[PDB]
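Chemist: experimental coordinates for this protein are included below, preceded by the sequence.
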Amino acid sequence: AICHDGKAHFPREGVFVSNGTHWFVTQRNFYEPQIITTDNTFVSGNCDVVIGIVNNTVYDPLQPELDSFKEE
Amino acid sequence: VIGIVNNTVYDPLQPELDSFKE
Amino acid sequence: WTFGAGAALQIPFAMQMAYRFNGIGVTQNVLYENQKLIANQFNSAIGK
Ligand SMILES: *[C@@H]1O[C@H](CO[C@@H]2O[C@@H](C)[C@@H](O)[C@@H](O)[C@@H]2O)[C@@H](O[C@@H]2O[C@H](CO)[C@@H](O[C@@H]3O[C@H](CO[C@H]4O[C@H](CO)[C@@H](O)[C@H](O)[C@@H]4O)[C@@H](O)[C@H](O[C@H]4O[C@H](CO)[C@@H](O)[C@H](O)[C@@H]4O)[C@@H]3O)[C@H](O)[C@H]2NC(C)=O)[C@H](O)[C@H]1NC(C)=O
Ligand SMILES: *[C@@H]1O[C@H](CO[C@@H]2O[C@@H](C)[C@@H](O)[C@@H](O)[C@@H]2O)[C@@H](O[C@@H]2O[C@H](CO)[C@@H](O[C@@H]3O[C@H](CO)[C@@H](O)[C@H](O[C@H]4O[C@H](CO)[C@@H](O)[C@H](O)[C@@H]4O)[C@@H]3O)[C@H](O)[C@H]2NC(C)=O)[C@H](O)[C@H]1NC(C)=O
Ligand SMILES: *[C@@H]1O[C@H](CO)[C@@H](O[C@@H]2O[C@H](CO)[C@@H](O[C@@H]3O[C@H](CO)[C@@H](O)[C@H](O)[C@@H]3O)[C@H](O)[C@H]2NC(C)=O)[C@H](O)[C@H]1NC(C)=O
Ligand SMILES: *[C@@H]1O[C@H](CO)[C@@H](O[C@@H]2O[C@H](CO)[C@@H](O)[C@H](O)[C@H]2NC(C)=O)[C@H](O)[C@H]1NC(C)=O
């Protein structure tokens, strides 16, 4: 899983992988990395239960749209 | 891709905020 | 199950069980939250 803001994130379909420096979510049967966003993952519980969870920021696709909405 | 075709893809979020603009 | 379809691809057993749970139609968060209970139940069943 992934720890983002005290909330555990799990891949909707796929698996979390890391090349050594950054994290991605990719389909299990073919390596094509994708940025970990709220669309790739679903939230469940908090960070204190899962064994082996790792912190990493989870990108929010709606955040840039909100920023532009605020700007103009 | 082979056979891809040109078509507009409606974005539901855009009108929701665009109407708020006015 | 990867070794039965081709080259054996390693994967942590917890993640494999999560895949299996997804297979039977149960969200993987269930396993990732109850891992201790599932492991204890499996060990007890093997002992039985
Ligand atoms: C979807 O439409 C495509 C035609 O229109 C393009 O796609 C739509 C959706 C819009 O985004 C539009 O802005 C696009 O242009 C169609 O394939 C397309 O094939 C045409 C060529 O017939 C490509 O147009 C490119 O135009 C630029 C600039 O235009 C001037 O120069 C060209 C030079 O050929 C002249 O022919 C024009 O009359 C203008 O004077 C060119 O620089 C470019 O030349 C080369 O690069 C393209 C790159 O694709 C090649 O296809 C060309 O053959 C040349 O080698 C083009 O002429 C257009 O880029 C291209 N778009 C795509 C996505 O391939 C496509 O079949 C439609 N359906 C799909 C993609 O499923
Ligand atoms: C593990 O993966 C991360 C994330 O990036 C991923 O790998 C890249 C190689 C590429 O395929 C990405 O599409 C993919 O998501 C790597 O760290 C990030 O990516 C690169 C380094 O790989 C760095 O940031 C920038 O990433 C841009 C997109 O790849 C890249 O274009 C940038 O290159 C710079 O220079 C070129 C040439 O002059 C220029 O065109 C660019 O515009 C840019 O200035 C730059 O590398 C950071 O490391 C991370 N950036 C992010 C997430 O935005 C990571 O490198 C990789 N692990 C290892 C060991 O490499
Ligand atoms: C991922 O991030 C969380 C939160 O940052 C990590 O929890 C860690 O635990 C505490 C609680 O916030 C953070 O401070 C700690 O406080 C205790 C008690 O005062 C103190 O004894 C510790 O020395 C520490 O100061 C801690 O910063 C926080 N971050 C860590 C440990 O990196 C969680 O552990 C992180 N998990 C991973 C895999 O990175
Ligand atoms: C699908 O088939 C059409 C033709 O039926 C292809 O378009 C071309 O159309 C001309 C008609 O004069 C034919 O002579 C060509 O043979 C056709 N090209 C090919 C490769 O068949 C078209 O390429 C195909 N396009 C798809 C599936 O998107």
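Modeler: Received it, and whenever you're ready, just let me know what you need. Numbering: from 1, shown residues only, chains lettered A, B, ... in the order given. Ligands and ions are numbered 1, 2, ... in the order given.
Chemist: can you tell me how far the residue nearest to residue A:39 when sequence neighbours are not counted is from residue A:26?
Modeler: Nearest residue to residue A:39, sequence neighbours excluded (C-beta to C-beta, 6 or more residues apart in numbering or on different chains): residue A:61, at 6.3 Å. C-beta: built from backbone N, CA, C; applies to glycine. Distance of residue A:61 to residue A:26, given as C-beta to C-beta, to the nearest Å: 18 Å.
Chemist: quick one: contacts for residue A:59?
Modeler: Going by C-beta atoms under 8 Å, 6 or more residues apart in numbering or on different chains, residue A:59 touches A:35-38.
Chemist: top of the residues you listed by neighbour count?
Modeler: Using other C-beta atoms under 10 Å in any protein chain shown as the neighbour test, the contacts of residue A:59 are led by residue A:36, with 22 neighbours.
Chemist: quick one, helices of chain A?
Modeler: A:62-71 (DSSP state H).
Chemist: ok, so of the contacts of residue A:59, who is nearest residue C:3?
Modeler: residue A:36 (28.4 Å; C-beta to C-beta).
Chemist: separation between the closest one and ligand 3?
Modeler: Remark: distance between residue A:36 and ligand 3 (C-beta to the nearest ligand atom, to the nearest Å) = 15 Å.
Chemist: is that residue in contact with residue A:60, as I believe?
Modeler: No. Applying C-beta atoms under 8 Å as the test, residue A:36 and residue A:60 come out as separate, 10.6 Å apart.
Chemist: just give the nearest non-adjacent residue to residue A:7, would you?
Modeler: In space, residue A:7 is closest to residue A:43, 4.8 Å off (C-beta to C-beta, 6+ apart).
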